[PDB]
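S.K.: Right, I'll just put the structure down here and ask away after.
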Amino acid sequence: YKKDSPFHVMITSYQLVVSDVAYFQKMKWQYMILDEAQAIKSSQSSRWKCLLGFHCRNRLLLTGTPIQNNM
DNA sequence: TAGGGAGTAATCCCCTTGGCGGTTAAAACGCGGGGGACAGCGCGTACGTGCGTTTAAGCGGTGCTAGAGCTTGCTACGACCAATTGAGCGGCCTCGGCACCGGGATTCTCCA
């Protein structure tokens, strides 16, 4: 997108990237941020399984408590 | 020994029910009169009853052969599954069919 574009940064709930996943996986993302990435900490979670498969160049996991319960 | 199931409660999206308000159109209410419901009547004809006739349905009996019903043998074909793709579903788009309106024209009714 260039500066003349309908949007630049989109902000979304973890609830919607799962619910609207079929719309999200039909688009190509130039960068991704994940606030409180402890939400992604479980590999059996759909929000992990969904966001794993997003077509994105670069990703940040923002967290303050990375280690959590287990390796 | 470990993995994943059982328990539970917070989190958050979806969606059906209920209320408020208006307002407006359809249901409710009135009443005259008409005509259709319906009772009462006359006739006639058409249908139930009876008797003598006949006709053929039903029972007992003989003979035959088709074909239903069963056994045997085998191979053809549809169940099965792993690999491949394209037909058909879900989402998005737009324009043209159709409806709804208004007013002028033709039809149909009903009373004279």
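Here, A, B, ... name the chains of the structure tokens in the order displayed, residue numbers run from 1 inside each chain, and ligands are numbered from 1 in the same displayed order.
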Mind listing the strand (DSSP E) residues of segment 30-60 of chain A, per DSSP on the backbone, as a ChimeraX atom specification?

M.R.: /A:32-34,55-56,59-60

S.K.: Would you pick out the contacts of segment 8-22 of chain B at 12 Å or less, using only C-alpha atoms (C1' of nucleotides), so that residues sharing its chain but fewer than 3 positions from it are not included, and give the list as JSON, numbers by chain?

M.R.: {"A": [13, 14, 15, 16, 18, 19, 20]}

S.K.: Write out as a list in words the residues lying within 12 Å of residue 46 of chain A, counting only C-alpha atoms (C1' of nucleotides) and excluding same-chain residues fewer than 3 positions away.

M.R.: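 That gives residues 14, 15, 16, 17, 18, 19, 21, 39, 40, 41, 42, 43, 49, 50, 51, 52 and 53 of chain A.
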
S.K.: Restrict the selected residues to N, CA and C atoms and save them as a compact mmCIF listing (two decimals), in the first residue's frame.

M.R.:
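The new file result14.txt reads:
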```txt
# COMPACT_ATOMS: atom_id res chain seq x y z
N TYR A 14 -7.73 -11.25 18.69
CA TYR A 14 -7.44 -12.67 18.51
C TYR A 14 -8.70 -13.48 18.22
N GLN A 15 -9.87 -12.99 18.64
CA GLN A 15 -11.12 -13.71 18.41
C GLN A 15 -11.51 -13.69 16.93
N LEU A 16 -11.14 -12.64 16.21
CA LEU A 16 -11.55 -12.41 14.83
C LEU A 16 -10.61 -13.03 13.80
N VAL A 17 -9.29 -12.95 14.01
CA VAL A 17 -8.34 -13.68 13.19
C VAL A 17 -8.63 -15.18 13.16
N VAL A 18 -9.36 -15.69 14.14
CA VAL A 18 -9.84 -17.07 14.10
C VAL A 18 -11.19 -17.16 13.42
N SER A 19 -12.12 -16.28 13.78
CA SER A 19 -13.47 -16.34 13.23
C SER A 19 -13.50 -15.96 11.75
N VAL A 21 -11.00 -16.12 9.78
CA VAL A 21 -9.76 -16.67 9.22
C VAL A 21 -9.85 -16.83 7.70
N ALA A 39 -0.86 -15.32 24.47
CA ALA A 39 -2.08 -15.89 23.91
C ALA A 39 -1.79 -16.98 22.89
N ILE A 40 -0.64 -16.89 22.21
CA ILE A 40 -0.25 -17.86 21.19
C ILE A 40 0.50 -19.05 21.79
N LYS A 41 0.76 -19.02 23.10
CA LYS A 41 1.68 -19.96 23.74
C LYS A 41 1.31 -21.43 23.56
N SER A 42 0.06 -21.76 23.25
CA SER A 42 -0.36 -23.15 23.12
C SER A 42 -0.49 -23.52 21.64
N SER A 43 0.29 -24.51 21.21
CA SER A 43 0.27 -24.97 19.83
C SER A 43 -1.02 -25.68 19.44
N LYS A 49 -2.83 -22.13 15.44
CA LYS A 49 -3.00 -22.82 14.16
C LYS A 49 -3.41 -21.86 13.04
N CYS A 50 -4.29 -20.90 13.35
CA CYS A 50 -4.72 -19.92 12.35
C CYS A 50 -3.59 -18.96 12.00
N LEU A 51 -3.06 -18.25 12.99
CA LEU A 51 -2.05 -17.23 12.72
C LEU A 51 -0.77 -17.83 12.17
N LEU A 52 -0.51 -19.11 12.45
CA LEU A 52 0.64 -19.79 11.85
C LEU A 52 0.56 -19.75 10.33
N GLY A 53 -0.61 -20.07 9.79
CA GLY A 53 -0.88 -20.12 8.37
C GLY A 53 -1.17 -18.82 7.67
```

S.K.: Residues near segment 54-68 of chain A, anyone? I mean within 7 Å using only C-alpha atoms (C1' of nucleotides), not counting same-chain ones fewer than 2 positions away, as a VMD selection string.

M.R.: chain A and resid 25 28 to 38 50 to 52 70

S.K.: Please produce a file of the residues just selected, as an mmCIF file, in the first residue's frame, where the atoms kept are C-alpha atoms.

M.R.:
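Now in out38.cif:
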```
data_model
loop_
_atom_site.group_PDB
_atom_site.id
_atom_site.type_symbol
_atom_site.label_atom_id
_atom_site.label_comp_id
_atom_site.auth_asym_id
_atom_site.auth_seq_id
_atom_site.Cartn_x
_atom_site.Cartn_y
_atom_site.Cartn_z
ATOM 1 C CA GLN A 25 -5.835 -16.055 4.750
ATOM 2 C CA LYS A 28 -0.868 -10.874 2.131
ATOM 3 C CA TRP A 29 0.565 -8.978 5.106
ATOM 4 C CA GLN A 30 3.683 -6.798 5.004
ATOM 5 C CA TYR A 31 4.227 -7.019 8.782
ATOM 6 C CA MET A 32 2.525 -8.610 11.781
ATOM 7 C CA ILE A 33 2.410 -7.745 15.487
ATOM 8 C CA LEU A 34 0.971 -9.967 18.232
ATOM 9 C CA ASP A 35 0.311 -8.212 21.528
ATOM 10 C CA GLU A 36 0.412 -10.435 24.622
ATOM 11 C CA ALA A 37 1.782 -13.303 22.535
ATOM 12 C CA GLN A 38 1.314 -15.495 25.614
ATOM 13 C CA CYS A 50 -4.716 -19.921 12.350
ATOM 14 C CA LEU A 51 -2.051 -17.229 12.716
ATOM 15 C CA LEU A 52 0.643 -19.787 11.853
ATOM 16 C CA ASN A 70 6.585 -25.079 30.103
#
```

S.K.: Using only C-alpha atoms (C1' of nucleotides), find the one residue out of B:91, B:99, B:112, B:3 that sits nearest to chain A.

M.R.: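 So, comparing all the options, the nearest one is B:91.
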
S.K.: Using only C-alpha atoms (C1' of nucleotides) for the distances, tell me which of B:90, B:47, B:24, B:33 is nearest to residue 22 of chain A.

M.R.: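 The answer is B:90, which sits nearest to residue 22 of chain A.
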
S.K.: Per DSSP on the backbone, filter segment 9-71 of chain A down to the residues in alpha helix (DSSP H) and report them as a list in words.

M.R.: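 DSSP-assigned alpha helix (DSSP H) residues in segment 9-71 of chain A: residues 14, 15, 16, 17, 18, 19, 21, 22, 23, 24, 46, 47, 48, 49, 50, 51 and 52 of chain A.
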
S.K.: Using atom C1' of residue 104 of chain B and atom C1' of residue 26 of chain B as the two end points, give the distance in Å to one decimal.

M.R.: 29.8 Å

S.K.: Taking only C-alpha atoms (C1' of nucleotides) into account, name the residue in B:38, B:30, B:59, B:4 that is nearest to chain A.

M.R.: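 The closest residue to chain A is B:4.
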